[PDB]
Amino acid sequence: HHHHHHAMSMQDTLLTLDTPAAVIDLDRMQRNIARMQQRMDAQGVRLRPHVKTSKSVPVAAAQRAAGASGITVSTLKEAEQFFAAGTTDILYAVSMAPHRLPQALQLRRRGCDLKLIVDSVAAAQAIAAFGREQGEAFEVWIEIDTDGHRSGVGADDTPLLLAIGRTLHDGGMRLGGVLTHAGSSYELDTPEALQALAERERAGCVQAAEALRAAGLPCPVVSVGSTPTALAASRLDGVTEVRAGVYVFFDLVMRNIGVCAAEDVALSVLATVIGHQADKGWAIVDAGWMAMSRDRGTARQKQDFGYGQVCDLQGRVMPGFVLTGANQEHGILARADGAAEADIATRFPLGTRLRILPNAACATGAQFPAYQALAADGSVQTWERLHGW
């Protein structure tokens, strides 16, 4: 059995991978994918996962297989990659730059049903003029600011919403919907505050759609979501789809917001112990910030996990030990409480492998060309992901 025997001899596990490596526990990932799709199905709304967390074709394929409708992307590079992989229904959810209009036009002309978003009269004018010149009715949604976080028209700003919506509609473009992202949910840590923010996000985005429609303008989609508000919303009246992406893996920021446990976290960075400073209680590992990223989202939350929570090779949290510091290719493993562990070298011998849970999975993942997707039998497979623009 030639292929079998060769593949067996080539197969990696967590003991044979070189470190650092970004490992996806596939069973935890599938539980996360099921949980989010079940919740949206219960709310009677579509799920349009945001692939910026993974930028990985097989990850998005698992989201689609579970029932997802389309994807959200954060770059046109993502739109190109996932359209080539067979995803047609793609929302580019970053305010459209006019100079990217030729690439968006080429993606639509090759058969990608690519939606763009704007929040200004001038961006709507640019799209409509290019669309008229090029004989393309782009679909464009208007981004709404519901929580003061980032881009978007105020939900209560009827004159600007009308001006933008008329610019698109009069200009022969398809005004397809409104969207909002309540990213301020990341500053909360109670179920009450998260439920209230999810209600403000839904209410505001539906308010903007109702004002466009009261002026005779079409607005068939109402799209909301962050992972914390997707999991917290009690009701989604008026909403057609919810966008969420970090949930596929979760991370320690999400654990601190309270929408998951550390044991739901599916992404970890496999690392090796490469030295010590025994008098300071330090183990030095080969996962520095270039593996973890410089994200320190947990520093301002209820529990600071430094550059990440230490787990053993079986993925079980080792409470009390975190990466307290990080240089580029070296992480400093020590007690979070600030005590010097006695005998750090017997606790973590040279060559020991550990798995570090990330502050932010979106930021850790981008540091790696690929993930190693870990199956229940202990084998891994390389799953590429996209870097750059």
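Residue positions are given as counts along the sequence shown, with the first one as 1.
- On average the C-alpha atoms of 196 to 204 have higher B-factors than those of the other stretch, with 196 to 204 and 168 to 176 being the two compared.
- Annotation for 22 to 30 versus 37 to 45: the higher mean temperature factor (C-alpha) is found in 37 to 45.
- Sorting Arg213, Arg294, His276, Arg243 by the CA temperature factor given in the entry leaves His276 at the top.
- Residue-level inspection of the entry shows that, of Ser56, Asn359, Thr346, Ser69, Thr346 has the top Cα B-factor.
- In the PDB entry, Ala363 places in the lowest third of its chain by CA B-factor.
- Compared with the other modelled residues of the chain, the Cα B-factor recorded for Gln301 ranks in the highest third.
- The deposited CA B-factor of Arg100 belongs to the lowest third of values across its chain.
- Per-chain ranking of the deposited C-alpha B factor places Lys115 in the lowest third.
- When the CA B factors of the chain's modelled residues are split into thirds, the value for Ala60 lands in the middle one.
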